[PDB]
Amino acid sequence: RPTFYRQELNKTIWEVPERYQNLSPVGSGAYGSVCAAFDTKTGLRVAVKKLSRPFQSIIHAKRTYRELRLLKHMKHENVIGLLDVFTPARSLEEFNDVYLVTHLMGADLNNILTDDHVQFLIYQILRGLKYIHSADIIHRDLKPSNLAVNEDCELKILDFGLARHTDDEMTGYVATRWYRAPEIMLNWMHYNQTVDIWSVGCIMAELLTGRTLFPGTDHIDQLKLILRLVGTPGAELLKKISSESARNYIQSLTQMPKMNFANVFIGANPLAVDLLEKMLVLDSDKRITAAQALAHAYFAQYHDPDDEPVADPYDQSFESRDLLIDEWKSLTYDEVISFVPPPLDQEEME
Ligand SMILES: Cc1ccc(C(=O)Nc2ccon2)cc1-n1cnc2ccc(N3CCN(C)CC3)cc2c1=O
Ligand SMILES: [Cl-]
């Protein structure tokens, strides 16, 4: 077993293998504090997340399990993956902390553009997304602050699959209103993987212009900003809306005409405008997928059929179960114990 050592870092206690050194806080990640550390084994820079009370509830306990399963399965250049997972506990009985270890990317899209930067970054998200969609995992809260980038403009999607699946459960996850597909914000028609595509739309809009496409102050104001752009639904979308109150807001908010996207994103690449038009549609049945977007003319430069791979079969039947905290805790632990690092060959990265 590793030699562990201890320190207090902004009112928390971290106990970590001696192999990670120079722990340096960088703010909150999903469900805990994050530290930059140097990884003496590999020479790599890494991010270490201490989960905050991973098992104070079924909510915490299930979510910890979820995160670790997700991380363990993702093996794709544009999707954040699991570099290491550890706990100081030497047995199940005093298993109380989980720390997750990933690569440390310079920054994120929230921090950090010419068209060619835009093609490349969006291309990467879409490549990454295709991989998650194919394993039937939906991000559900894609946004600039969970898109980590190098100084090479290389990109890795973080925090996918944490946001609540339904009305009926809570995961303690905070989404950001501005990038959410209308249909998952208002729960107003059925929803599929292309909720992420809507988010990719809002992001790509934002990169080209510098401006938040829809900075809504609440659910209704947001709906208003959206419909000013895409235009109030016709009969054809309306008939797909279950919620009668969701229809009233639409038919009542003075009928907004769809705008010319060329006027809205002026001076942008026209192929860039056309992909936005295929991405920013209300009807989630007609929205372009990750895989179909990959083949859009706009990515003619970065596109390659045989180098946009898809995930292995992912078991997520755990998502349907009601179990005690002690059952989630044990399952997480066995996942910890079974964990084998990624293959580290003779080559030196970063
Ligand atoms: C360390 C880490 C662990 C896991 C995940 C993750 O995505 N888990 C899941 C769960 C389901 O799918 N993916 C992400 C990270 N991770 C990695 N790198 C990071 C780098 C910087 C930051 N900081 C950046 C600056 N912010 C102010 C605070 C957050 C934060 C991170 C950051 O959180
Ligand atoms: Cl999303």
# chains A, B, ... in the order shown; residues from 1 in each chain; ligands from 1

call {"tool": "residues_around", "arguments": {"residues": "range 142-150 of chain A", "least_positions_apart": "3", "cutoff": "7 Å", "atoms": "only C-alpha atoms", "output": "PyMOL selection string"}}
result
chain A and resi 105-110+139+153-159+179+196+199+203

call {"tool": "residues_near_ligand", "arguments": {"ligand": "ligand 2", "cutoff": "12 Å", "atoms": "only C-alpha atoms and all ligand atoms", "output": "ChimeraX atom specification"}}
result
/A:125,129,132-133,137-147,157-165,175-185,191-203

call {"tool": "write_last_selection", "arguments": {"atoms": "C-alpha atoms", "output": "PDB file, in the first residue's frame"}}
result
ATOM      1  CA  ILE A 125     -16.447  18.313 -28.236  1.00  0.00           C
ATOM      2  CA  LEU A 129     -19.766  13.648 -27.434  1.00  0.00           C
ATOM      3  CA  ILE A 132     -20.464   9.410 -24.732  1.00  0.00           C
ATOM      4  CA  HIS A 133     -23.710   9.259 -26.697  1.00  0.00           C
ATOM      5  CA  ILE A 137     -24.611   8.572 -21.522  1.00  0.00           C
ATOM      6  CA  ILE A 138     -25.896  12.093 -21.963  1.00  0.00           C
ATOM      7  CA  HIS A 139     -24.013  15.015 -20.507  1.00  0.00           C
ATOM      8  CA  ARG A 140     -27.131  16.999 -19.609  1.00  0.00           C
ATOM      9  CA  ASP A 141     -25.120  20.143 -18.543  1.00  0.00           C
ATOM     10  CA  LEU A 142     -22.473  20.808 -21.214  1.00  0.00           C
ATOM     11  CA  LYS A 143     -21.073  24.330 -20.783  1.00  0.00           C
ATOM     12  CA  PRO A 144     -17.806  26.310 -21.179  1.00  0.00           C
ATOM     13  CA  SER A 145     -16.671  25.709 -17.593  1.00  0.00           C
ATOM     14  CA  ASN A 146     -16.679  21.919 -18.004  1.00  0.00           C
ATOM     15  CA  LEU A 147     -14.695  22.014 -21.276  1.00  0.00           C
ATOM     16  CA  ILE A 157     -15.113  17.030 -21.652  1.00  0.00           C
ATOM     17  CA  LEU A 158     -15.592  16.858 -17.872  1.00  0.00           C
ATOM     18  CA  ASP A 159     -18.556  16.074 -15.542  1.00  0.00           C
ATOM     19  CA  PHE A 160     -20.844  14.275 -18.042  1.00  0.00           C
ATOM     20  CA  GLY A 161     -23.702  12.161 -16.679  1.00  0.00           C
ATOM     21  CA  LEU A 162     -24.046  13.810 -13.273  1.00  0.00           C
ATOM     22  CA  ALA A 163     -27.080  16.096 -13.758  1.00  0.00           C
ATOM     23  CA  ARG A 164     -30.402  14.544 -12.724  1.00  0.00           C
ATOM     24  CA  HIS A 165     -32.077  12.175 -15.153  1.00  0.00           C
ATOM     25  CA  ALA A 175     -26.670  22.972 -13.826  1.00  0.00           C
ATOM     26  CA  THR A 176     -26.110  26.351 -15.599  1.00  0.00           C
ATOM     27  CA  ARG A 177     -29.274  27.739 -17.130  1.00  0.00           C
ATOM     28  CA  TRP A 178     -27.655  29.443 -20.145  1.00  0.00           C
ATOM     29  CA  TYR A 179     -26.594  26.347 -22.095  1.00  0.00           C
ATOM     30  CA  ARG A 180     -29.571  24.037 -21.419  1.00  0.00           C
ATOM     31  CA  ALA A 181     -31.780  22.721 -24.196  1.00  0.00           C
ATOM     32  CA  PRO A 182     -35.280  24.206 -23.869  1.00  0.00           C
ATOM     33  CA  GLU A 183     -36.900  20.706 -23.616  1.00  0.00           C
ATOM     34  CA  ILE A 184     -34.863  19.731 -20.484  1.00  0.00           C
ATOM     35  CA  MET A 185     -35.321  23.115 -18.875  1.00  0.00           C
ATOM     36  CA  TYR A 191     -35.612  14.451 -24.546  1.00  0.00           C
ATOM     37  CA  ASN A 192     -32.720  12.550 -26.068  1.00  0.00           C
ATOM     38  CA  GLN A 193     -28.939  12.905 -26.568  1.00  0.00           C
ATOM     39  CA  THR A 194     -29.318  16.002 -28.686  1.00  0.00           C
ATOM     40  CA  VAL A 195     -29.824  18.120 -25.551  1.00  0.00           C
ATOM     41  CA  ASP A 196     -26.026  18.223 -25.531  1.00  0.00           C
ATOM     42  CA  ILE A 197     -26.074  19.339 -29.157  1.00  0.00           C
ATOM     43  CA  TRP A 198     -28.167  22.348 -28.195  1.00  0.00           C
ATOM     44  CA  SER A 199     -25.476  23.096 -25.615  1.00  0.00           C
ATOM     45  CA  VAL A 200     -22.795  22.800 -28.281  1.00  0.00           C
ATOM     46  CA  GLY A 201     -24.804  25.334 -30.295  1.00  0.00           C
ATOM     47  CA  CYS A 202     -24.801  27.912 -27.401  1.00  0.00           C
ATOM     48  CA  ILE A 203     -21.114  27.332 -26.854  1.00  0.00           C
TER      49      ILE A 203
END

call {"tool": "closest_atom_pairs", "arguments": {"of": "chain A", "to": "ligand 1", "cutoff": "6 Å", "atoms": "only C-alpha atoms and all ligand atoms", "output": "CSV"}}
result
residue,atom,partner,partner_atom_place_in_ligand_line,distance
A:26,CA,ligand 1,23 (N),5.2
A:27,CA,ligand 1,28 (C),3.8
A:28,CA,ligand 1,28 (C),4.5
A:29,CA,ligand 1,33 (O),3.8
A:30,CA,ligand 1,33 (O),5.9
A:34,CA,ligand 1,30 (C),5.7
A:47,CA,ligand 1,1 (C),4.6
A:48,CA,ligand 1,1 (C),4.7
A:49,CA,ligand 1,1 (C),4.4
A:67,CA,ligand 1,10 (C),4.0
A:70,CA,ligand 1,11 (C),5.3
A:71,CA,ligand 1,13 (N),5.6
A:100,CA,ligand 1,3 (C),5.4
A:101,CA,ligand 1,1 (C),5.5
A:102,CA,ligand 1,1 (C),5.3
A:104,CA,ligand 1,18 (N),5.2
A:158,CA,ligand 1,7 (O),3.6
A:159,CA,ligand 1,7 (O),3.4
A:160,CA,ligand 1,12 (O),4.3
A:161,CA,ligand 1,11 (C),5.5
A:162,CA,ligand 1,11 (C),5.7

call {"tool": "residues_around", "arguments": {"residues": "residue 283 in chain A", "least_positions_apart": "5", "cutoff": "9 Å", "atoms": "only C-alpha atoms", "output": "NGL selection string"}}
result
:A and (183 or 189 or 233 or 236-237 or 240)

call {"tool": "select_by_dssp", "arguments": {"residues": "range 36-262 of chain A", "states": "strand (DSSP E)", "output": "mmCIF file with N, CA, C and O atoms, in the first residue's frame"}}
result
data_model
loop_
_atom_site.group_PDB
_atom_site.id
_atom_site.type_symbol
_atom_site.label_atom_id
_atom_site.label_comp_id
_atom_site.auth_asym_id
_atom_site.auth_seq_id
_atom_site.Cartn_x
_atom_site.Cartn_y
_atom_site.Cartn_z
ATOM 1 N N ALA A 36 -4.508 20.961 -7.909
ATOM 2 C CA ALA A 36 -3.357 20.632 -8.739
ATOM 3 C C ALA A 36 -2.265 19.942 -7.880
ATOM 4 O O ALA A 36 -1.993 20.337 -6.731
ATOM 5 N N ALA A 37 -1.686 18.888 -8.449
ATOM 6 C CA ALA A 37 -0.567 18.192 -7.886
ATOM 7 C C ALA A 37 0.335 17.743 -9.027
ATOM 8 O O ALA A 37 -0.106 17.569 -10.173
ATOM 9 N N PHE A 38 1.599 17.536 -8.684
ATOM 10 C CA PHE A 38 2.573 16.887 -9.537
ATOM 11 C C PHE A 38 2.645 15.391 -9.220
ATOM 12 O O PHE A 38 2.680 14.986 -8.058
ATOM 13 N N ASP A 39 2.685 14.586 -10.271
ATOM 14 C CA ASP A 39 2.667 13.145 -10.166
ATOM 15 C C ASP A 39 4.071 12.600 -10.379
ATOM 16 O O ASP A 39 4.497 12.409 -11.527
ATOM 17 N N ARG A 45 1.457 16.434 -14.654
ATOM 18 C CA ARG A 45 0.647 17.285 -13.812
ATOM 19 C C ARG A 45 -0.768 16.700 -13.782
ATOM 20 O O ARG A 45 -1.282 16.213 -14.800
ATOM 21 N N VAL A 46 -1.384 16.717 -12.605
ATOM 22 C CA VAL A 46 -2.667 16.051 -12.401
ATOM 23 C C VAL A 46 -3.594 16.912 -11.562
ATOM 24 O O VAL A 46 -3.143 17.835 -10.875
ATOM 25 N N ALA A 47 -4.884 16.617 -11.632
ATOM 26 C CA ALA A 47 -5.871 17.250 -10.783
ATOM 27 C C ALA A 47 -6.362 16.178 -9.824
ATOM 28 O O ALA A 47 -6.654 15.058 -10.251
ATOM 29 N N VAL A 48 -6.433 16.491 -8.532
ATOM 30 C CA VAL A 48 -6.953 15.518 -7.566
ATOM 31 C C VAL A 48 -8.228 16.076 -6.981
ATOM 32 O O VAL A 48 -8.212 17.187 -6.474
ATOM 33 N N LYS A 49 -9.333 15.344 -7.049
ATOM 34 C CA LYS A 49 -10.563 15.817 -6.402
ATOM 35 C C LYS A 49 -10.880 15.078 -5.113
ATOM 36 O O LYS A 49 -11.071 13.850 -5.141
ATOM 37 N N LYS A 50 -10.984 15.798 -3.992
ATOM 38 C CA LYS A 50 -11.500 15.168 -2.769
ATOM 39 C C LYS A 50 -13.009 15.234 -2.793
ATOM 40 O O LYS A 50 -13.576 16.311 -2.854
ATOM 41 N N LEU A 51 -13.691 14.100 -2.781
ATOM 42 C CA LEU A 51 -15.137 14.186 -2.682
ATOM 43 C C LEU A 51 -15.564 14.642 -1.284
ATOM 44 O O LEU A 51 -15.006 14.246 -0.270
ATOM 45 N N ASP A 84 -6.188 7.762 -11.644
ATOM 46 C CA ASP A 84 -6.005 6.996 -10.407
ATOM 47 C C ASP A 84 -7.172 7.296 -9.485
ATOM 48 O O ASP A 84 -7.791 8.336 -9.629
ATOM 49 N N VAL A 85 -7.499 6.346 -8.598
ATOM 50 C CA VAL A 85 -8.490 6.521 -7.525
ATOM 51 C C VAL A 85 -7.949 5.882 -6.254
ATOM 52 O O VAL A 85 -7.399 4.770 -6.290
ATOM 53 N N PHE A 86 -8.108 6.578 -5.126
ATOM 54 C CA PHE A 86 -7.558 6.105 -3.868
ATOM 55 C C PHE A 86 -8.374 6.564 -2.647
ATOM 56 O O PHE A 86 -9.208 7.483 -2.743
ATOM 57 N N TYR A 99 -10.825 10.010 -3.344
ATOM 58 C CA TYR A 99 -10.101 11.014 -4.141
ATOM 59 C C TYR A 99 -9.934 10.496 -5.584
ATOM 60 O O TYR A 99 -9.456 9.368 -5.797
ATOM 61 N N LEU A 100 -10.336 11.302 -6.564
ATOM 62 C CA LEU A 100 -10.200 10.940 -7.972
ATOM 63 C C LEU A 100 -9.089 11.744 -8.679
ATOM 64 O O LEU A 100 -8.926 12.941 -8.443
ATOM 65 N N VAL A 101 -8.321 11.063 -9.521
ATOM 66 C CA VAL A 101 -7.138 11.662 -10.159
ATOM 67 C C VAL A 101 -7.279 11.646 -11.684
ATOM 68 O O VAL A 101 -7.517 10.584 -12.278
ATOM 69 N N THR A 102 -7.137 12.819 -12.298
ATOM 70 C CA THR A 102 -7.250 12.963 -13.742
ATOM 71 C C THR A 102 -6.056 13.793 -14.207
ATOM 72 O O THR A 102 -5.290 14.261 -13.371
ATOM 73 N N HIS A 103 -5.916 13.970 -15.530
ATOM 74 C CA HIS A 103 -4.920 14.854 -16.110
ATOM 75 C C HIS A 103 -5.326 16.242 -15.717
ATOM 76 O O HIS A 103 -6.519 16.513 -15.522
ATOM 77 N N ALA A 107 -6.682 25.019 -18.633
ATOM 78 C CA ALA A 107 -7.779 25.890 -18.264
ATOM 79 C C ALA A 107 -9.085 25.263 -18.729
ATOM 80 O O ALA A 107 -9.146 24.051 -18.933
ATOM 81 N N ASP A 108 -10.124 26.080 -18.903
ATOM 82 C CA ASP A 108 -11.340 25.634 -19.580
ATOM 83 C C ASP A 108 -11.914 26.718 -20.476
ATOM 84 O O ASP A 108 -11.430 27.860 -20.463
ATOM 85 N N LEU A 147 -15.528 22.351 -20.138
ATOM 86 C CA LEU A 147 -14.695 22.014 -21.276
ATOM 87 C C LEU A 147 -13.222 22.412 -21.089
ATOM 88 O O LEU A 147 -12.802 23.513 -21.469
ATOM 89 N N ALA A 148 -12.440 21.500 -20.516
ATOM 90 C CA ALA A 148 -11.013 21.749 -20.236
ATOM 91 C C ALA A 148 -10.122 21.684 -21.497
ATOM 92 O O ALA A 148 -10.261 20.772 -22.323
ATOM 93 N N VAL A 149 -9.226 22.668 -21.628
ATOM 94 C CA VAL A 149 -8.310 22.784 -22.776
ATOM 95 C C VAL A 149 -6.859 23.001 -22.357
ATOM 96 O O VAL A 149 -6.590 23.653 -21.342
ATOM 97 N N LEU A 155 -8.743 19.438 -26.079
ATOM 98 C CA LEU A 155 -9.925 19.582 -25.239
ATOM 99 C C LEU A 155 -10.407 18.253 -24.626
ATOM 100 O O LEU A 155 -10.406 17.233 -25.303
ATOM 101 N N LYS A 156 -10.835 18.287 -23.361
ATOM 102 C CA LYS A 156 -11.429 17.110 -22.694
ATOM 103 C C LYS A 156 -12.723 17.482 -21.941
ATOM 104 O O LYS A 156 -12.717 18.344 -21.051
ATOM 105 N N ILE A 157 -13.823 16.833 -22.303
ATOM 106 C CA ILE A 157 -15.113 17.030 -21.652
ATOM 107 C C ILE A 157 -15.103 16.429 -20.248
ATOM 108 O O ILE A 157 -14.785 15.227 -20.072
#

call {"tool": "residues_around", "arguments": {"residues": "range 303-316 of chain A", "least_positions_apart": "3", "cutoff": "6 Å", "atoms": "only C-alpha atoms", "output": "ChimeraX atom specification"}}
result
/A:131,134-135,299-300,319

call {"tool": "closest_atom_pairs", "arguments": {"of": "range 248-327 of chain A", "to": "range 214-232 of chain A", "cutoff": "7 Å", "atoms": "only C-alpha atoms", "output": "tab-separated table"}}
result
residue	atom	partner	partner_atom	distance
A:250	CA	A:232	CA	6.8
A:255	CA	A:232	CA	5.9
A:256	CA	A:231	CA	4.9
A:257	CA	A:231	CA	4.6
A:258	CA	A:231	CA	3.8
A:259	CA	A:229	CA	5.5
A:281	CA	A:230	CA	6.6

call {"tool": "atom_distance", "arguments": {"atom1": "CA of residue 335 in chain A", "atom2": "CA of residue 65 in chain A"}}
result
8.4 Å

call {"tool": "closest_residue", "arguments": {"among": "A:121, A:342, A:58, A:254", "to": "residue 323 in chain A", "atoms": "only C-alpha atoms"}}
result
A:58

call {"tool": "residues_around", "arguments": {"residues": "residue 210 in chain A", "least_positions_apart": "3", "cutoff": "12 Å", "atoms": "only C-alpha atoms", "output": "NGL selection string"}}
result
:A and (109-110 or 112-114 or 118 or 202-207 or 213 or 265)

call {"tool": "write_last_selection", "arguments": {"atoms": "N, CA, C and O atoms", "output": "mmCIF file, in the first residue's frame"}}
result
data_model
loop_
_atom_site.group_PDB
_atom_site.id
_atom_site.type_symbol
_atom_site.label_atom_id
_atom_site.label_comp_id
_atom_site.auth_asym_id
_atom_site.auth_seq_id
_atom_site.Cartn_x
_atom_site.Cartn_y
_atom_site.Cartn_z
ATOM 1 N N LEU A 109 -12.938 26.359 -21.260
ATOM 2 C CA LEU A 109 -13.484 27.302 -22.221
ATOM 3 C C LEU A 109 -14.037 28.556 -21.544
ATOM 4 O O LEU A 109 -14.163 29.617 -22.179
ATOM 5 N N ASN A 110 -14.316 28.442 -20.248
ATOM 6 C CA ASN A 110 -14.795 29.578 -19.501
ATOM 7 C C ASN A 110 -13.725 30.647 -19.383
ATOM 8 O O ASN A 110 -14.032 31.832 -19.444
ATOM 9 N N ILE A 112 -10.889 30.819 -21.577
ATOM 10 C CA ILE A 112 -10.286 31.162 -22.876
ATOM 11 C C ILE A 112 -11.286 31.736 -23.908
ATOM 12 O O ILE A 112 -12.388 31.206 -24.120
ATOM 13 N N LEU A 113 -11.133 34.276 -30.527
ATOM 14 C CA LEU A 113 -11.014 33.013 -31.264
ATOM 15 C C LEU A 113 -11.400 33.166 -32.737
ATOM 16 O O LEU A 113 -12.478 33.641 -33.075
ATOM 17 N N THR A 114 -10.470 32.763 -33.591
ATOM 18 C CA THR A 114 -10.579 32.825 -35.041
ATOM 19 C C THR A 114 -11.442 31.665 -35.465
ATOM 20 O O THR A 114 -11.817 30.837 -34.634
ATOM 21 N N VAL A 118 -12.309 27.882 -33.606
ATOM 22 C CA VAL A 118 -13.688 27.438 -33.430
ATOM 23 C C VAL A 118 -13.957 26.058 -34.064
ATOM 24 O O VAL A 118 -14.472 25.183 -33.390
ATOM 25 N N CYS A 202 -24.964 26.681 -28.255
ATOM 26 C CA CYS A 202 -24.801 27.912 -27.401
ATOM 27 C C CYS A 202 -23.344 28.225 -27.180
ATOM 28 O O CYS A 202 -22.935 29.388 -27.114
ATOM 29 N N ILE A 203 -22.545 27.175 -27.060
ATOM 30 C CA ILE A 203 -21.114 27.332 -26.854
ATOM 31 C C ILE A 203 -20.448 27.907 -28.115
ATOM 32 O O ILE A 203 -19.699 28.867 -28.042
ATOM 33 N N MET A 204 -20.750 27.332 -29.272
ATOM 34 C CA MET A 204 -20.131 27.733 -30.532
ATOM 35 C C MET A 204 -20.526 29.151 -30.942
ATOM 36 O O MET A 204 -19.707 29.902 -31.470
ATOM 37 N N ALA A 205 -21.800 29.483 -30.724
ATOM 38 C CA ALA A 205 -22.289 30.855 -30.795
ATOM 39 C C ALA A 205 -21.399 31.799 -29.980
ATOM 40 O O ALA A 205 -20.941 32.853 -30.475
ATOM 41 N N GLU A 206 -21.167 31.401 -28.728
ATOM 42 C CA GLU A 206 -20.427 32.228 -27.786
ATOM 43 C C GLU A 206 -18.964 32.423 -28.200
ATOM 44 O O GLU A 206 -18.409 33.480 -27.975
ATOM 45 N N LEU A 207 -18.358 31.413 -28.829
ATOM 46 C CA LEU A 207 -16.925 31.489 -29.214
ATOM 47 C C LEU A 207 -16.659 32.440 -30.355
ATOM 48 O O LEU A 207 -15.625 33.086 -30.414
ATOM 49 N N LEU A 213 -25.203 33.673 -25.839
ATOM 50 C CA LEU A 213 -26.299 33.649 -26.794
ATOM 51 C C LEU A 213 -27.592 33.958 -26.064
ATOM 52 O O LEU A 213 -28.318 34.871 -26.468
ATOM 53 N N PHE A 265 -25.057 36.084 -36.681
ATOM 54 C CA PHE A 265 -23.628 35.755 -36.557
ATOM 55 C C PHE A 265 -22.824 36.356 -37.704
ATOM 56 O O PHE A 265 -22.125 35.634 -38.418
#

call {"tool": "decode", "arguments": {"residues": "range 224-283 of chain A", "atoms": "C-alpha atoms", "output": "CSV table (one decimal), in the first residue's frame"}}
result
chain,number,residue,atom,x,y,z
A,224,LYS,CA,-38.1,34.4,-24.3
A,225,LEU,CA,-34.5,34.9,-25.5
A,226,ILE,CA,-34.5,31.6,-27.3
A,227,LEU,CA,-37.7,32.1,-29.2
A,228,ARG,CA,-36.6,35.5,-30.3
A,229,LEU,CA,-33.8,33.7,-32.2
A,230,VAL,CA,-35.3,30.3,-33.3
A,231,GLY,CA,-38.8,31.7,-33.5
A,232,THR,CA,-42.0,30.4,-31.8
A,233,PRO,CA,-42.9,26.8,-32.7
A,234,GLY,CA,-45.4,26.0,-35.4
A,235,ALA,CA,-48.3,23.6,-35.3
A,236,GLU,CA,-45.7,20.8,-36.0
A,237,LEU,CA,-43.7,21.3,-32.8
A,238,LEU,CA,-46.7,22.4,-30.6
A,239,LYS,CA,-48.4,18.9,-31.1
A,240,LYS,CA,-45.4,17.3,-29.4
A,241,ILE,CA,-45.8,19.3,-26.1
A,242,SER,CA,-47.5,17.3,-23.2
A,243,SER,CA,-47.6,20.0,-20.6
A,244,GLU,CA,-50.6,22.4,-21.4
A,245,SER,CA,-49.0,25.3,-19.4
A,246,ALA,CA,-45.8,25.0,-21.5
A,247,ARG,CA,-48.0,25.5,-24.5
A,248,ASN,CA,-49.8,28.5,-23.0
A,249,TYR,CA,-46.5,30.3,-22.5
A,250,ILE,CA,-45.7,29.7,-26.2
A,251,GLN,CA,-48.9,30.6,-27.9
A,252,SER,CA,-49.3,33.7,-25.6
A,253,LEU,CA,-45.8,35.2,-25.7
A,254,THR,CA,-46.4,37.4,-28.8
A,255,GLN,CA,-45.5,35.2,-31.8
A,256,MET,CA,-41.7,35.6,-32.5
A,257,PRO,CA,-40.4,35.2,-36.1
A,258,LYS,CA,-37.3,33.0,-36.7
A,259,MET,CA,-34.3,35.3,-37.4
A,260,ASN,CA,-31.7,35.1,-40.2
A,261,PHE,CA,-28.7,33.4,-38.7
A,262,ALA,CA,-26.4,35.3,-41.1
A,263,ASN,CA,-27.5,38.6,-39.6
A,264,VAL,CA,-27.1,37.3,-36.1
A,265,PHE,CA,-23.6,35.8,-36.6
A,266,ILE,CA,-22.4,38.3,-39.1
A,267,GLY,CA,-18.9,37.9,-40.5
A,268,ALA,CA,-18.8,34.3,-39.4
A,269,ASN,CA,-17.9,31.4,-41.7
A,270,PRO,CA,-21.1,30.6,-43.6
A,271,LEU,CA,-20.5,26.8,-43.1
A,272,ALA,CA,-20.3,27.8,-39.4
A,273,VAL,CA,-23.7,29.5,-39.7
A,274,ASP,CA,-25.3,26.4,-41.3
A,275,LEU,CA,-24.1,24.1,-38.5
A,276,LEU,CA,-25.6,26.4,-35.9
A,277,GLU,CA,-28.9,26.3,-37.8
A,278,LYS,CA,-28.9,22.5,-37.7
A,279,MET,CA,-27.9,22.6,-33.9
A,280,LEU,CA,-30.3,25.4,-32.7
A,281,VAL,CA,-33.7,23.9,-33.4
A,282,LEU,CA,-36.4,23.3,-30.8
A,283,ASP,CA,-37.6,20.0,-32.1
